[PDB]
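Sequence order for the protein chains is A and B.
For the first sequence, the residue numbers in the UniProt record's numbering are 425 to 469, 530 to 636.
For the second sequence, the residue numbers in the UniProt record's numbering are 159 to 288, 295 to 469, 530 to 845.
Accompanying notes for the structure given below.
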Amino acid sequence: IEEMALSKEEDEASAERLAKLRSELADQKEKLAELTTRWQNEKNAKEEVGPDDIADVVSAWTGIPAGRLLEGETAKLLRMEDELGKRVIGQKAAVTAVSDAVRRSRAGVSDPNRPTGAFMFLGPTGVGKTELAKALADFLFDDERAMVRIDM
Amino acid sequence: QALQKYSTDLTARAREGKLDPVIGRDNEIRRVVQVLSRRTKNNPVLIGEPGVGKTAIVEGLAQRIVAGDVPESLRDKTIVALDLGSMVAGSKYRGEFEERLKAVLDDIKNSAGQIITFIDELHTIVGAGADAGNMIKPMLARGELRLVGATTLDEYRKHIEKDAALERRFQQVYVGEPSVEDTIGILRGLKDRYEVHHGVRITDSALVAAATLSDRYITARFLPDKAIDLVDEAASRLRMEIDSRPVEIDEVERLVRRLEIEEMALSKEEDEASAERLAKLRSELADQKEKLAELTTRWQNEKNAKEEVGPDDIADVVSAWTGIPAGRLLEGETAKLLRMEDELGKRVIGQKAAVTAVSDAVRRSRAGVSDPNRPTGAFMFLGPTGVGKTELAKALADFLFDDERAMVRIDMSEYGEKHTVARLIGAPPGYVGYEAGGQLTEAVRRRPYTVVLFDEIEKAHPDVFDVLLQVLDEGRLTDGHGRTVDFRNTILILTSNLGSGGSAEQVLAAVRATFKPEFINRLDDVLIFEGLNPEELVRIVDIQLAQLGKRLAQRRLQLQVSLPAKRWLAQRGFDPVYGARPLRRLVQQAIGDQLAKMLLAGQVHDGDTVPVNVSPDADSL
Ligand SMILES: Nc1ncnc2c1ncn2[C@@H]1O[C@H](COP(=O)(O)OP(=O)(O)OP(O)(O)=S)[C@@H](O)[C@H]1O
Ligand SMILES: Nc1ncnc2c1ncn2[C@@H]1O[C@H](COP(=O)(O)OP(=O)(O)OP(O)(O)=S)[C@@H](O)[C@H]1O
Ligand SMILES: Nc1ncnc2c1ncn2[C@@H]1O[C@H](COP(=O)(O)OP(=O)(O)OP(O)(O)=S)[C@@H](O)[C@H]1O
């Protein structure tokens, strides 16, 4: 509905805002086709509330992700370091430490009554020790502004 | 039939096509459905900041029911909009309100779940008593009445969470605010409803700007709501312009039709001092009647050979709002910016290195090049005394606002002890002065375009520096009330007097030993001022004499100054240790004293003109 009314804009500025709507619309048509096809495989080759639908409800409520790592997140969790490295540079001894405490809780291995991980950065001025926190708060929620931050 | 008196019909309103299209927010509505369709305790509550869309979700669900996208457990169910206000209307007697509410509840239960009561602003359900809004507590916990409520985030924990027996019967649904990409789509969907009400057209390049622009300027409000106002206002203004003449052809005519009456009732003044005012007003009238008739001509050049809103009306609206100028440099402002160190040079003399840096971070922000999240410019200039470093910060606040007292000055010499910080940030809750906020904070939260000036900063206690530490480099600091105030458009200026005579590294190393590297690093260039050469005082002399002359025109009283006296004063500007302050005392010792003596001793009256002349040593009038 967007793209079939955006094309008739007598302008050039939006002509590059249309050269992407088509792209994403196609890239999603592809996924819908694939998934609707997989539905046929499953229908030819669920019917009870298993143990993880409860976890899905606990996640829809309260926002906390407690699921089962549906095979698409586990790729992000292995590319975490190279994805942070697109915004911070060096300090890999700190990137590895920040990131390792997230998979350690996605695999359900960290202690259940303690913060998910709390550690302190310190070093010379203008090195990255505040850019890293903002780069980590964006990799998890996809918007840098959504962290509780207080200036001590 | 008792549900007809105290409620309208949401589903019927949605059937006749009276509600706005609801776009996106699939997850919220599906969770509302799968909560509204359980066995017991089947009543959700939407929760979230004001404006992010919480009645929009209920109206979307109603349109969805009318269409038929809902599951079998909800196909063909009507939504009634309960109205608690119209129930306590006449109930002065001792049981009438309870009787009404009981009839309503019995009638809701009398149906078989074909009704979904929807209470808006349900935090008002606690009162109604004088044992009220409490007889609903049994029927809630059993799932008889399906309740859909929506209150803001912070009246919940103020009226409901205080009553944990009642907030148990509610399932919370959090409604977070959308992003820019989603707001763009919401606007793309809502455009064609304003396109009709206002007889205009709206451009998609404007729908993108009304959402990108209203995300870095208006921070006190939340999303879509703070992005639909711009579109609506722009359209309404364009319709106004369509009917009448355009703007900047209307005000030029309104003030001309006023200067007429002014000069007309002024020309009948049997007075002599009023003749210089009438002969000055009579020139601006003929000057305005010039560009008015030029606009009426330049308008026909277009009207013979601006019909839909674009990314320009939006900027003009978000500029009339909030005062921040974010336009496009409409050829009248650019000609003024191009000669800025020329308009600043009429008040500050010398210091070319510093005037071409203050003036250099205004252009590169008006042309859209500076970082959109950091102050416009944050630099400290320091040097010896009386050089002109508190004057530049006032010649600058006058170029931008045309009023030297529209800026925010705080004299940092009163912050001698660290506890004097609470003066500019407020006092934490539960203390004496709390319903007053900060003092610097509340000054910028109302007009976020001023130019702040921290005068004599090294005289303070080295903790106020650490307060300023985050003002620079982020433009944010939050007061006691928890309101974050943005500084991303101000110009931060810090004067000083460190070093005091050191060439360049007796001062550059005295700054380094009084401030910390983490504080020097946020700053822009650290400007160094320089002493006054003998040549660049013969001009301050002229400035001072012009000032005094303008001060004397209250009596139509002039004075003629001869070049010998003008270069005598400048040669008696001495001691390159005190800068240009001694000269202002020399002027009043020489000229002002004896002028005032002659002025109240008769022998000089208004209208006269006294010539000064250098006697062999002194000045004689
Ligand atoms: N490793 C880095 N990768 C990318 N940008 C960096 C890096 N280090 C510093 N920066 C830049 O420096 C700025 C952020 O510096 P910060 O790390 O926030 O300063 P800081 O680490 O907080 O040090 P202080 O003592 O708190 S001022 C941004 O302009 C970043 O682009
Ligand atoms: N998803 C959406 N689709 C279309 N229009 C929306 C959407 N969300 C919000 N709006 C519009 O944005 C405005 C939001 O107003 P409302 O949501 O009714 O107020 P509110 O969000 O309930 O805030 P409160 O708590 O009621 S003051 C209205 O003009 C809605 O039409
Ligand atoms: N370069 C200058 N051009 C014009 N007036 C100047 C200049 N330097 C000083 N003055 C005059 O000096 C007065 C203001 O001096 P300031 O610069 O405010 O003193 P200062 O530079 O702040 O030094 P301190 O350390 O604050 S006492 C006004 O009367 C100005 O007219």
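For each residue, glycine too, the CB sits at the ideal point set by N, CA and C.
### Task
Determine the DSSP secondary structure at B/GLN795, reduced to helix, strand or coil.
Secondary structure of B/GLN795 (DSSP, three-state): helix.
### Message
Tell me which residues of the segment 730–754 of chain B have at least one Cβ-Cβ distance to chain A shorter than 8 Å, keeping chain order.
### Response
The residues in question are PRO741, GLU742, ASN745.
### Query
Would you call the segment 730–750 of chain B and the segment 551–562 of chain B in contact, with 3 or more CB pairs under 8 Å?
No contact exists between the segment 730–750 of chain B and the segment 551–562 of chain B.
#### Entry: Chain-ordered chain A contacts of B/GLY349 [CB-CB under 8 Å]
Proximity of chain A to B/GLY349 at the Cβ level (cut-off 8 Å) is accounted for by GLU426, in chain order.
### Message
Once DSSP output is grouped into helix, strand and coil, what is the label at B/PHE603?
### Response
B/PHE603: strand per DSSP, three-state reduction.
### Query
Do we get a CB-CB distance below 8 Å when we pair B/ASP368 with the residues of chain A?
Chain A contact via Cβ: present.
### Query
Across which residues does DSSP place B/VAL632 in a beta bridge pair?
Paired residue(s): B/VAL676.
### Message
Taking 7 Å as the limit between beta carbons, can you name the residues of its chain near A/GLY601, skipping five residues before and five after?
### Response
The answer, listed in chain order, is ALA585.
### Query
How about B/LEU219 and B/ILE266: are their beta carbons less than 8 Å apart?
For B/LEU219 and B/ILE266, no; Cβs fall outside 8 Å.
### Task
Using a threshold of 8 Å, state whether the C-beta atoms of B/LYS390 and B/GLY209 are closer than that.
Less than 8 Å separates the beta-carbon of B/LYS390 from that of B/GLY209.
### Task
Output the boundary residues of the alpha helix (DSSP H) element that contains B/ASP356.
Where B/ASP356 is concerned, the enclosing alpha helix (DSSP H) stretches over 344–361.
### Message
Could you check whether the Cβ of A/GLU433 sits closer than 8 Å to any Cβ belonging to chain B?
### Response
Closer than 8 Å to some Cβ of chain B, the Cβ of A/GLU433 qualifies, so yes.
#### Entry: Contact test: B/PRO653 Cβ vs ligand 2 heavy atom, cutoff 7 Å
Incorrect: B/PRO653 has no Cβ contact closer than 7 Å to ligand 2.
### Message
Could you check whether the Cβ of A/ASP540 sits closer than 8 Å to any Cβ belonging to chain B?
### Response
Put simply, the CB of A/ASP540 is far from chain B, with every gap to its CB atoms at 8 Å or more.
#### Entry: Unbroken alpha helix (DSSP H) run spanning B/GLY773, endpoints
Element bounds for B/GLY773: 762–776.
### Touching by the beta-carbon criterion (3+ pairs, under 8 Å), the segment 606–623 of chain A and the segment 163–178 of chain B
Counting Cβ pairs under 8 Å, fewer than three are found: no touch.
### Query
So which residues of chain A does B/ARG352 contact, with C-beta pairs closer than 7 Å?
Going along chain A in sequence order, the residues near B/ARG352 (Cβ under 7 Å) are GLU426.
### Query
DSSP state of B/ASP536, grouped into three classes?
Looking at B/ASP536 - three-state DSSP - the assignment turns out to be coil, as it is neither helix nor strand.
### Query
Going by the C-beta, is A/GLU615 closer than 7 Å to any heavy atom of ligand 1?
In this structure, A/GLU615 has its CB closer than 7 Å to one or more heavy atoms of ligand 1.
### Query
Hey, out of B/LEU783, B/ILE382, B/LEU430, B/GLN452, whose CA is closest to B/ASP414's CA?
Among B/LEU783, B/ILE382, B/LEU430, B/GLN452, the Cα nearest to that of B/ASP414 is on B/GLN452.
### 8 Å Cβ cutoff, B/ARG197 in contact with chain A
False, the Cβ-Cβ gap to chain A never drops below 8 Å.
### Contact with chain B by A/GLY534, beta-carbon distance below 8 Å
Chain B places no beta carbon closer than 8 Å to that of A/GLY534, leaving this residue out of the contacts.
### 8 Å Cβ cutoff, A/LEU606 in contact with chain B
At a cut-off of 8 Å between beta-carbon atoms, A/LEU606 makes no contact with chain B.
### Query
If you measure from the CB of B/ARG183, is any heavy atom of ligand 2 nearer than 7 Å?
Yes.
### Message
Please confirm whether A/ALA544 has its beta-carbon closer than 8 Å to some beta-carbon of chain B.
### Response
Yes - at least one Cβ of chain B is within 8 Å of the one on A/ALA544.
### Message
Quick check on the burial criterion: 16 or more other C-beta atoms within 10 angstroms. Buried or exposed for B/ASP817?
### Response
With fewer than 16 Cβ atoms within 10 Å of its Cβ, B/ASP817 is classed as exposed.
### Task
Let me know the secondary structure DSSP gives B/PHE334 once reduced to three states.
When secondary structure is reduced to three states using DSSP, B/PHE334 falls in the coil class, being assigned neither helix nor strand.
### Message
I'd like to know whether the C-beta atoms of B/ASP241 and B/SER165 end up nearer to each other than 8 Å.
### Response
A Cβ-Cβ contact shorter than 8 Å links B/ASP241 with B/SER165.
### Task
Per DSSP, which residues does B/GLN784 bridge with? Please list them.
Looking at the DSSP output, B/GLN784 shares a beta bridge with B/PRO835.
### Task
Report the option in B/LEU781, B/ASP843, B/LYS821 whose CA atom is closest to the CA atom of B/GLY831.
Taking the Cα of B/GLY831 as reference, the smallest distance to any Cα among B/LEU781, B/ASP843, B/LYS821 is reached at B/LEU781.
### Message
Suppose contacts are defined by Cβ-Cβ distances below 8 Å. Is B/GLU359 in contact with B/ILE573 by that definition?
### Response
Contact flag unset, no.
### Task
Indicate whether B/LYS235 and B/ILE223 have their beta-carbon atoms separated by less than 8 Å.
The answer is yes: Cβ separation under 8 Å.
### Message
Based on DSSP bridge pairs, tell me the residues matched to B/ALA239.
### Response
According to the DSSP secondary-structure assignment, B/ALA239 is paired through a beta bridge with B/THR166, B/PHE276.
### Query
Closer than 8 Å, CB to CB, is B/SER343 near chain A or not?
Put simply, the CB of B/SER343 is near chain A, with a gap under 8 Å to one of its CB atoms.
### Query
So which residues on chain A does B/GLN694 lean against when the C-beta distance must stay under 7 Å?
The answer, in chain order, is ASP635.
### Task
Drop a sphere of 10 angstroms on the beta-carbon of B/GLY547, count the other beta-carbons inside from all chains shown, and report buried for 16 or more, exposed for fewer.
Exposed, since its Cβ has fewer than 16 Cβ neighbours within 10 Å.
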